[PDB]
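Throughout, protein chains are lettered first and strands after them, A, B, ... in sequence-line order, and every chain is numbered starting at 1.
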Amino acid sequence: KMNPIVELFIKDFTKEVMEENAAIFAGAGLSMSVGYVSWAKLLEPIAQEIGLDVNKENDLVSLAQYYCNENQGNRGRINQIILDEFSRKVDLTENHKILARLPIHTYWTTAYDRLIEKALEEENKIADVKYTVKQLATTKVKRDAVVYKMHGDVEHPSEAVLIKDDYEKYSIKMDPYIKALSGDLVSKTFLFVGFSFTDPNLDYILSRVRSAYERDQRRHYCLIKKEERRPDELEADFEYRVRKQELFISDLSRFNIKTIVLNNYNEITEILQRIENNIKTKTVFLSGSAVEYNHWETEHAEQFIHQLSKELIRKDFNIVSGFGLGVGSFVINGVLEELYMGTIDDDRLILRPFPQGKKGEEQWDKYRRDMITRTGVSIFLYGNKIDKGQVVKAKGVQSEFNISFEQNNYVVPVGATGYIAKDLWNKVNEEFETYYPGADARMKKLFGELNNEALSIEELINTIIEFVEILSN
Amino acid sequence: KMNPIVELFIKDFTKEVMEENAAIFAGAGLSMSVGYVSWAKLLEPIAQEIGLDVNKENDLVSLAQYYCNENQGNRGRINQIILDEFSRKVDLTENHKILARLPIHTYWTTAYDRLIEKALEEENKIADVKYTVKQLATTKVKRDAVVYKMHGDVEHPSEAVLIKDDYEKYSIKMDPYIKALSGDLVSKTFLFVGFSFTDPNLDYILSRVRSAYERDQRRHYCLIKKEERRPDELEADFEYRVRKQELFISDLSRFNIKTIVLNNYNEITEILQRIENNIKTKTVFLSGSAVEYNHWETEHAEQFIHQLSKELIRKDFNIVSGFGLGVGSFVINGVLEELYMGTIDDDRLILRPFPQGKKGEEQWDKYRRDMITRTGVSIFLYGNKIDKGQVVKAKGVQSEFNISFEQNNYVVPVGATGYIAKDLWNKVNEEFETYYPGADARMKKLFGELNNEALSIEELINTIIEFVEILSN
Amino acid sequence: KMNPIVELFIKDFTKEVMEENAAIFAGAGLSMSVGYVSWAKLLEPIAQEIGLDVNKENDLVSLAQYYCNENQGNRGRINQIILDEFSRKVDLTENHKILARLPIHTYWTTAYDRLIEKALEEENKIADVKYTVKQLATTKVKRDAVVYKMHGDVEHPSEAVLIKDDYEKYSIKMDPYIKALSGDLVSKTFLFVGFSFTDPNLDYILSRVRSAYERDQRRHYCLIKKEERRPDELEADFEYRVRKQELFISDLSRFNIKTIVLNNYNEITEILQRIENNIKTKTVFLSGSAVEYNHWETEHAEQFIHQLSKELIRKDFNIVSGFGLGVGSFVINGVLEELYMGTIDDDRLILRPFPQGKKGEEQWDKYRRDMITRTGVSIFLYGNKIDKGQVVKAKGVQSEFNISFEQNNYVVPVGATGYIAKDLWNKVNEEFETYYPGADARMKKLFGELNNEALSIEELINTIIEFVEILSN
Ligand SMILES: O=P1(O)OC[C@H]2O[C@@H](O[C@H]3[C@@H](O)[C@H](n4cnc5c4ncn4ccnc54)O[C@@H]3COP(=O)(O)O1)[C@H](O)[C@@H]2O
Ligand SMILES: O=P1(O)OC[C@H]2O[C@@H](O[C@H]3[C@@H](O)[C@H](n4cnc5c4ncn4ccnc54)O[C@@H]3COP(=O)(O)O1)[C@H](O)[C@@H]2O
Ligand SMILES: O=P1(O)OC[C@H]2O[C@@H](O[C@H]3[C@@H](O)[C@H](n4cnc5c4ncn4ccnc54)O[C@@H]3COP(=O)(O)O1)[C@H](O)[C@@H]2O
């Protein structure tokens with residue numbers, strides 16, 4: 001768990017992303033942990049040529065402009081520097097991979113590198129990268145996300161926004177990008193990551209949006225790390241910097257941009273992981289097959305499964321089922337009862353009955369893996385089939401459990417149902433920290449209660465629902 | 001083996017590439033086997049909109065120009081078509097991978113797709129892709145090859161050369177690319193693959209180079225498939241098409257471009273594989289360790305190894321040795337005698353002595369794999385070490401043989417030397433077709449003679465040299 | 001040390017040359033210190049024949065054109081003059097030898113003499129000299145550099161560009177050379193040495209490149225000597241000449257050519273020597289053999305050597321080692337740890353194990369000399385072997401030190417390691433000015449600290465690294 005402000009932000013932004021109305025605004029700071037050297041370090045020889053010192057300079061745009069002025073406006077050196085630096089092959093950080101995995105269809109970047117594009121490519125996602133006005137007129141077919149590189153691309157250094165001339169002519173040359181960013185800011189919920197909010201173009205666009213929409217501006221989010229006490233600095237200077245940062249945050253609020261203050265930069269990764277988990281765990285994989293329903297009678301167990309599926313649908317969960325013999329019909333009935341109040345939404349219930357025959361069993365493993373990949377939580381019930389007239393614990397449920405563990409999915413074996421479910425519950429309780437690291441007391445109590453045969457249908461269903469909810473929320 | 005013309009071309013172009021003075025000119029036809037639909041198929045709705053038929057049209061540039069004329073010069077539809085088609089994700093063909101593996105530093109492409117770029121990326125090579133005049137002013141650091149997309153990129157459809165207006169303004173807008181291609185044509189040996197030589201820009205550039213250099217033009221190569229009898233066509237029409245193609249190839253030779261006529265398009269892959277094999281097999285991995293030199297005396301075996309290494313250096317082979325105990329010193333002496341006639345060129349002899357100690361043995365496997373990867377032919381001699389005062393057949397030579405086989409390197413175990421070399425020779429002779437598929441009678445005779453103890457030093461060395469040469473050449 | 005502008009230029013141009021993307025543009029002024037009489041002195045009788053005075057004339061091209069006009073366009077006299085003058089045998093200056101020693105593959109010359117060609121020949125380098133349009137169509141095999149004599153050769157006086165007619169017909173006759181120079185100016189980093197930038201052809205080419213590339217021109221460098229007060233001139237005239245030169249330099253920046261102002265012409269030699277030293281010292285020769293590691297334990301010394309080699313690789317140094325007994329394995333391990341993060345680049349680590357036996361010891365001396373020649377800095381560690389069961393200071397390390405001194409390589413004996421290293425450190429400290437003339441206080445302090453046994457592994461390694469870096473950088 002994190003700070004209550006962080007928890008509220010995680011809930012709200014997960015809600016925004018699940019509606020596919022969220023955009024990510026990534027600054028250069030998101031790529032500073034990857035391995036690219038700092039822009040000030042690159043400009044250090046540039047500053048030394050014109051007789052300045054990059055460490056004593058804070059406005060690097062004016063520094064680059066001064067260098068260009070000292071060379072009759074020529075940018076060849078800076079173009080070569082940025083091409084040499086930001087085109088290097090660097091391993092992607094975890095933040096880029098998580099952002100690629102999230103269902104985010106809009107990225108706006110002020111960085112010249114192609115880390116977002118590579119992260120989207122490695123997720124088998126089609127990325128429509130735009131850094132030219134002409135490129136706005138063409139859309140890639142079946143694209144997953146669109147990346148607006150509003151400061152240019154690394155492979156086109158001459159069109160990168162680096163000097164004051166570029167910022168001054170941006171409002172004329174790149175006006176369609178300004179219009180697009182204004183439309184996204186008024187129509188989408190943005191998350192600013194790695195952005196210092198010192199960009200003149202972004203200040204201009206935000207001021208225009210504020211002038212247009214007054215107090216009815218859309219709420220956006222930013223992630224900013226708190227000020228850290230430098231070794232040379234004194235306590236008074238640190239407190240002054242903290243107060244300055246606080247005033248900087250209220251000003252951003254003037255643009256209806258709420259700032260989340262983070263202790264360190266790894267909290268960005270933690271927040272992204274939490275959002276990804278909240279999105280992924282909303283889909284539950286219901287598994288099991290039952291000819292004999294352990295201690296419970298047939299009708300009682302059927303009603304239990306029906307009401308469990310109805311509660312899962314009611315709690316805004318998407319059920320994926322393999323249509324196991326003896327369990328599939330009743331989860332289908334529960335979903336139908338919950339939804340027919342109507343049509344079967346494709347997202348709420350995904351049914352994947354296994355092909356029957358010799359041909360089906362060849363691809364059964366890939367079918368099972370594809371079915372499980374859609375989910376983030378696996379729920380196992382019973383696990384008994386009939387082979388030679390006798391009830392024998394099933395083997396498909398064990399394969400499902402193995403696939404779920406290999407995909408880092410949460411496993412919720414209900415031991416009260418018995419058979420392979422009870423075996424899996426015993427296995428999980430044998431090594432609880434391996435499957436649920438850092439579990440709370442309530443989580444342990446719910447997991448232990450999952451193997452209670454004295455619970456009624458309602459009590460067991462409520463225990464399962466609460467366990468799945470604390471896993472997801 | 002292929003046609004004598006093809007063999008002469010393979011020898012000459014391998015010679016050109018090994019000097020790193022060869023360039024590849026790839027047309028759109030090189031990407032027509034990957035999965036991209038034909039440009040005529042894309043223009044079929046375009047032709048139907050202006051009332052024409054793309055099947056009845058041969059000049060598609062004029063067709064696109066007519067379509068643009070019917071729409072007040074607007075190219076949005078064609079830009080969208082090319083962006084949708086040529087930006088799709090398609091698996092690379094073998095030709096692109098072989099070309100990426102070859103030491104070719106210059107590519108000139110008339111195709112908009114990024115197949116060459118992806119092939120170079122998958123080989124861990126830095127590719128400097130150029131399709132804008134500005135991009136010519138910046139060079140990537142430590143780049144392996146430069147790709148000039150002279151007709152534009154797929155991600156920038158508006159700048160693609162498709163219509164007659166683009167060809168008519170190319171000489172003004174893209175003049176630096178014309179100058180660069182002229183310089184490459186006069187300074188590098190080109191191989192035209194997938195090019196139909198119907199491009200007005202290439203005709204203009206070739207005519208300018210011819211006018212500048214008269215009969216002293218640099219020779220270039222092209223690969224063209226012979227005409228095939230269409231099912232509907234008659235014999236007379238097929239013969240007329242063959243004569244027309246012959247006249248086309250002879251006019252092509254007016255520009256000092258020799259054409260290799262191929263029966264089918266897989267012969268392009270065969271030629272590329274042959275060139276890659278000729279380049280790769282010129283580096284021989286000399287392996288072995290010997291305390292007791294089988295039947296031969298110590299001095300006799302040392303002289304044999306020395307003269308074998310001297311002959312390998314004399315036959316233009318690059319020796320890579322692991323400095324095995326008892327074999328390394330004498331191959332070093334042979335290389336020194338062959339070269340000191342002088343300094344040790346880094347390419348001719350690469351020495352990789354194994355680190356000694358517990359720390360070295362941890363990375364010994366990766367060291368061995370990296371050492372073997374540099375070579376294409378593995379030669380094994382003896383293979384006996386001393387462990388507890390007795391001569392025991394070594395185990396490192398077996399690992400080297402396994403790595404060589406896993407890398408598809410040719411293995412030449414000399415059974416006359418005995419020990420692990422004799423064991424490897426017996427293993428190879430056990431399954432000869434697995435290691436040398438489609439071997440000739442001379443190759444089998446040489447392999448059998450490799451295990452003859454009655455041969456002298458000169459005879460055995462000549463047998464080894466001839467076997468390695470027929471493997472390489 | 002030189003001016004900070006000169007230091008920045010040296011760093012940037014060393015970086016450019018080490019990437020093998022640097023070209024040298026040599027004017028006639030680079031050959032005016034060799035012994036050739038001035039062109040005005042040669043034209044003095046030519047000027048007197050048409051009634052003019054060469055001292056009162058500044059445009060010698062127009063003077064030669066007037067002379068040709070007075071003789072019906074005949075150039076026999078001027079051809080004879082240039083053939084007699086510039087074909088004389090003159091000893092090469094230091095600048096030509098340094099430029100030949102540098103890894104520069106492209107020279108462009110406006111001088112008719114063959115000094116660059118002779119300097120490249122005396123370095124055992126293959127030079128491909130081009131002064132005819134036809135010669136551009138043929139490339140020498142295994143050439144080290146290509147020399148474009150764009151104003152003609154001395155042995156072909158009739159084709160030398162001397163008169164206004166030659167300059168006026170250059171754009172038509174020598175158009176391929178114009179295209180080649182434009183391509184080099186846009187693809188390579190040029191250094192202009194001895195060039196006055198008053199050549200109409202170079203002005204035309206630079207204007208065309210500027211018109212083509214606007215502010216995205218590649219940065220180039222020029223070396224220009226500052227104006228000197230003539231004995232007859234007054235202070236006001238000298239200041240006017242200084243201002244005129246400043247305006248001239250600022251107008252070459254219009255072409256993105258940065259000018260380095262030098263006090264005298266020997267600073268060209270100093271800059272070239274500094275660049276050569278920076279390139280040469282980046283390769284360090286690691287020497288030593290150790291059975292007993294002085295005061296330090298075996299494992300401690302092994303870890304020290306491993307981390308020292310890892311730091312050397314990390315600091316962009318290329319290690320050349322003779323694989324000495326007890327030192328070679330651990331430097332190999334350090335290089336492998338630094339690089340496997342991967343394959344062993346041939347440049348980063350060159351391993352030269354000595355051949356073992358009577359045959360190897362015959363060529364051991366030449367092998368050692370060839371191994372050391374690749375480096376510019378020699379680092380000596382320990383130097384103790386075992387001969388008759390007792391630790392005896394080695395003799396190969398002494399030979400290595402002697403060879404390093406004979407090649408003017410920097411020697412860094414680490415006295416803390418003891419044995420021959422300590423003896424060499426004592427010898428160097430005995431005559432410090434002989435080995436390190438003009439050493440700073442920091443260099444002396446580091447050299448003294450090199451013989452401190454109280455330093456830890458990290459402290460000693462940092463001292464060695466800092467000493468080697470101040471030697472190189
Ligand atoms: O019980 P298990 O071991 O694992 C149970 C899991 O598997 C999947 O459902 C089973 C099974 O109910 C279904 N099935 C239905 N009718 C027959 C049948 N299979 C073989 N038959 C032979 C004759 N009639 C049948 O076929 C799936 C594959 O078979 P298994 O994986 O071996 O089944 C669910 O997702 C369930 O979670
Ligand atoms: O003979 P093999 O099985 O394989 C032979 C192949 O290996 C490599 O050279 C060997 C070996 O000559 C060398 N080596 C030298 N001196 C010693 C030593 N190894 C262990 N020692 C213990 C005491 N003294 C030594 O260490 C390499 C690794 O050892 P192995 O691979 O086990 O050696 C070549 O490339 C050779 O082709
Ligand atoms: O130590 P030093 O005087 O100089 C040390 C320098 O020389 C070179 O490495 C030595 C030495 O480690 C190596 N070597 C390994 N094993 C044996 C052997 N030499 C004779 N043997 C007899 C029996 N076993 C050996 O042979 C090189 C030549 O021998 P020397 O130059 O006389 O060796 C490095 O570059 C080192 O810097």
Side-chain angles (χ1 to χ4, degrees), chain C residues 25-90 93 108-116 131 149-174 177 192-205 224-231 233-234 237-238 240-242 244-245 247-248 252 265:
Chain C
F25 197 104
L30 197 67
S31 60
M32 293 190 63
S33 62
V34 188
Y36 292 136
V37 312
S38 58
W39 179 230
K41 184 55 183 177
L42 290 174
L43 288 182
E44 179 176 338
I46 290 299
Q48 292 186 24
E49 279 190 69
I50 63 179
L52 296 182
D53 192 71
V54 72
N55 300 274
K56 308 181 62 178
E57 285 299 288
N58 58 318
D59 188 10
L60 301 185
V61 178
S62 298
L63 181 68
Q65 188 57 67
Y66 294 159
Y67 177 80
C68 295
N69 292 329
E70 298 299 314
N71 296 118
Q72 303 289 341
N74 298 284
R75 286 184 48 180
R77 179 84 137 85
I78 303 181
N79 297 4
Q80 190 61 63
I81 287 176
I82 62 180
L83 180 62
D84 291 355
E85 179 59 36
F86 296 106
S87 63
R88 298 191 299 102
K89 185 177 182 177
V90 286
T93 46
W108 285 82
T109 323
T110 55
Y112 318 112
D113 52 74
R114 293 179 168 183
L115 295 174
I116 297 181
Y131 44 88
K149 310 187 70 175
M150 62 181 304
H151 279 7
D153 193 68
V154 53
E155 302 297 333
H156 297 257
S158 59
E159 313 300 327
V161 181
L162 296 154
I163 66 181
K164 291 198 300 180
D165 189 14
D166 300 330
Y167 286 94
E168 285 169 12
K169 285 180 172 58
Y170 196 88
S171 299
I172 302 95
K173 173 187 176 183
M174 304 289 285
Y177 278 77
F192 295 85
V193 284
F195 194 55
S196 59
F197 279 99
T198 57
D199 188 69
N201 288 325
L202 253 288
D203 295 356
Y204 165 87
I205 295 177
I224 291 184
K225 190 187 63 60
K226 61 175 179 56
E227 297 290 341
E228 306 298 329
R229 184 180 296 101
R230 304 193 182 104
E233 289 191 351
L234 306 179
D237 301 3
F238 173 67
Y240 186 87
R241 284 171 55 248
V242 171
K244 201 71 165 59
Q245 191 192 36
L247 297 178
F248 185 81
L252 284 183
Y265 286 136

| query | Any idea how C:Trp108 and C:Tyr177 line up, ring-wise: parallel (<30°), tilted (30 to 60°), or perpendicular (>60°)? | reply | perpendicular

| message | Please verify the inter-ring angle class for C:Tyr170 with C:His151; under 30° counts as parallel, over 60° as perpendicular, anything in between as tilted. | response | perpendicular

| request: Apply the test side chain to side chain donor-acceptor pair (under 3.5 Å) to residues C:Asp199 and C:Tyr167: give CA-CA distance (whole Å), side-chain angles for both, the deciding distance (0.1 Å), then the verdict. | output: CA-CA 9 Å; C:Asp199 188 69; C:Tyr167 286 94; 3.2 Å; yes

Rounded to the nearest 0.5 Å, how far apart are [atom1] of [X] and [atom2] of [Y]?
X        : Y        : atom1 : atom2 : answer
C:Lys173 : C:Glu168 : NZ    : CD    : 14.0 Å
C:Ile81  : C:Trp39  : CD1   : CH2   : 6.0 Å
C:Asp84  : C:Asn79  : CG    : CG    : 10.5 Å
C:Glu159 : C:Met174 : CD    : CE    : 9.0 Å
C:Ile50  : C:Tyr67  : CD1   : OH    : 9.0 Å
C:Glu44  : C:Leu60  : CD    : CG    : 11.5 Å

Please report the shortest heavy-atom distance between [X] and [Y], naming the atom on each side.
X        : Y        : value
C:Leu43  : C:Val54  : CB-CG2, 4.2 Å
C:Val61  : C:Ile163 : CG1-C, 3.5 Å
C:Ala111 : C:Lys149 : O-CE, 3.6 Å
C:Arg88  : C:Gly35  : NH2-O, 3.1 Å

| side-chain contact (heavy atoms from CB on, under 4.5 Å) assessment of C:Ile78 paired with C:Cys68 | CA-CA 9 Å; C:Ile78 303 181; C:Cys68 295; 3.9 Å; yes

When you compare the side chain of [Y] with that of [X], does any pair of heavy atoms fall below 4.5 Å?
X        : Y        : value
C:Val154 : C:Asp113 : no
C:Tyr112 : C:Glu85  : no
C:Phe86  : C:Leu42  : yes
C:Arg75  : C:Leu162 : yes
C:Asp153 : C:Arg114 : yes
C:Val193 : C:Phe25  : no
C:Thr93  : C:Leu30  : no
C:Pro157 : C:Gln80  : no

| With C:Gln245 via side chain to side chain contact (heavy atoms under 4.5 Å, CB included) - residues at least two apart | C:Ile224, C:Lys226, C:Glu227, C:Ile249

| request: Taking atom CG of C:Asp53 as the centre, report whether more than 12 heavy atoms of other residues, nucleotides or ligands fall under 6.0 Å from it. | output: yes

| task | Apply the test side-chain contact (heavy atoms from CB on, under 4.5 Å) to residues C:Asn201 and C:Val161: give CA-CA distance (whole Å), side-chain angles for both, the deciding distance (0.1 Å), then the verdict. | result | CA-CA 10 Å; C:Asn201 288 325; C:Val161 181; 4.2 Å; yes

| query | Do C:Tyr265 and C:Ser33 pass the side-chain contact (heavy atoms from CB on, under 4.5 Å) test, and can you show the C-alpha distance, the side-chain angles, and the key distance before you say yes or no? | reply | CA-CA 9 Å; C:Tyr265 286 136; C:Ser33 62; over 6 Å; no

| task | Taking only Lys NZ, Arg NE, NH1 and NH2, and the carboxylate oxygens of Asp or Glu, determine whether C:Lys169 and C:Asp165 approach each other closer than 4.0 Å. | result | yes

| message | Let's go through C:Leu83 and C:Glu155 carefully: what are the C-alpha distance in whole Å and the side-chain angles of both, what is the deciding distance for side-chain contact (heavy atoms from CB on, under 4.5 Å) to 0.1 Å, and is it a yes or a no? | response | CA-CA 7 Å; C:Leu83 180 62; C:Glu155 302 297 333; 4.1 Å; yes

